[PDB]
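Below is one structure; the comments refer to it alone.
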Amino acid sequence: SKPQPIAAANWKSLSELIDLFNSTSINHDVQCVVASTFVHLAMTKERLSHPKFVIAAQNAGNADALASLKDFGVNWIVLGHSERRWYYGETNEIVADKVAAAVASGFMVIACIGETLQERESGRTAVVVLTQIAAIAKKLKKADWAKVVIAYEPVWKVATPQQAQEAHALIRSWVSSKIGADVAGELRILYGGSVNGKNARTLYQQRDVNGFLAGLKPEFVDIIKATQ
């Protein structure tokens with residue numbers, strides 16, 4: 001019914017955290033991901049050895065830099081996370097372009113979308129979120145969607161499970177309509193706010209939730225276990 005879940009931790013202590021993740025027996029099917037800054041990438045890669053985990057880069061937008069990461073053995077990347085948009089100035093189209101370059105360079109990509117508090121209050125959740133994803137889809141081919149993962153982050157405190165499902169359902173309906181129902185069915189849509197052990201498990205029960213993009217904290221263990 002659901003595709004393979006993903007549990008991803010986004011860096012923004014570390015040694016002790018890696019030791020914990022390494023000692024953790026994971027008894028179900030789930031791709032774990034640790035996303036890391038450049039300066040911490042080499043340490044994480046040498047210390048993290050759990051075979052159900054992969055290392056991810058963050059925010060690379062240059063082709064040579066993409067090439068070096070691959071050559072170094074990094075195959076995943078996270079792009080378009082909320083602060084890149086609201087602080088750093090990365091427009092829908094800048095994020096779209098980074099996503100397409102990463103795909104052409106042989107990356108699996110977690111691409112982030114989400115609306116602000118004011119967008120949500122004024123009832124513009126759907127137009128904003130779907131405008132973000134349309135910008136990404138414009139630079140991809142259908143076959144590229146095998147390499148893409150979507151994280152929904154409510155930039156506005158956890159979303160109720162119903163609030164989170166509404167937003168996930170809206171995304172999957174647009175993907176099914178615009179890209180194909182085969183693509184929609186296989187796509188991982190991760191929940192990107194909010195998450196602790198307890199609420200994670202409850203959120204995972206929703207029909208259109210396929211995992212989490214969460215913080216690099218000890219509680220990540222519990223969010224991995226929540227993906228069933």
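Measure out, as a whole number of angstrom, how far apart the alpha-carbon centroids of the stretch 151-181 and the stretch 41-60 sit.
Between the Cα centre of the stretch 151-181 and that of the stretch 41-60, the gap is 28 Å.
Using the number of other C-beta atoms within 10 angstrom as an exposure proxy, rank 77, 18, 179 with the fewest first.
So the ranking, lowest neighbour count to highest, is 179, 18, 77.
Quick check on the chain: helices-only [θ] at 222 nm, where DSSP H runs of length 4 and up contribute -39,500 (n - 2.57) each and the sum goes over total residues. Nearest 500, please.
Value at 222 nm, helices only, nearest 500: -13000 deg cm²/dmol.
What net charge do the residues around residue 93 carry, taking every other residue with its C-beta under 14 Å from that of residue 93, with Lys and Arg at +1 and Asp and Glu at -1?
Neighbour charge sum, excluding residue 93 itself: +3.
Take 204, 152 and order them by how many other Cβ atoms sit within 10 Å, fewest up front.
So the residues, fewest neighbours to most, are 204, 152.
Taking θ as phi - 60°, what are the ³J(HN,Hα) couplings along the stretch 144-152 by the Karplus curve (6.51, -1.76, 1.60), each to the nearest whole Hz, with x for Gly and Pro?
4, 5, 4, 9, 10, 10, 9, 9, 7
Whole percent per 10 Å bin, from 0 to the bin with the longest distance: what is P(r) over all C-alpha pairs of the chain?
8, 35, 39, 17, 1
Tell me, what ³J(HN,Hα) does each residue in the stretch 99-111 have, in order and in whole Hz, if you take phi through Karplus 6.51 cos²θ - 1.76 cosθ + 1.60 with θ = phi - 60° and put x for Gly and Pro?
These are the phi-based 3J(HN,Hα) values: 4, 5, 5, 4, 3, 5, 8, x, 8, 7, 10, 9, 9 Hz.
Under 5 Å between amide H atoms, partner at least 5 residues away or on a different chain: which partners does residue 56 have, H built in plane at 1.01 Å?
Amide H to amide H, under 5 Å and 5 or more residues apart or across chains, residue 56 pairs with 34, 35, 36.
When 28, 81, 168, 50 are ordered from fewest to most other Cβ atoms inside 10 Å of their Cβ, what list results?
By the 10 Å Cβ count, ascending, the order reads 28, 50, 168, 81.
Using each residue's phi in the stretch 220-228, evaluate 6.51 cos²θ - 1.76 cosθ + 1.60 at θ = phi - 60° and report the 3J(HN,Hα) Karplus result to the nearest Hz, with x for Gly and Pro.
Listing the rounded values in order: 3, 3, 5, 5, 4, 5, 5, 7, 8 Hz.
Reconstructed Cβ throughout: ideal geometry from the backbone, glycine too, with neighbour counts over all protein chains shown. Read the figures in this text as sums done on the coordinates, not as results from a lab.
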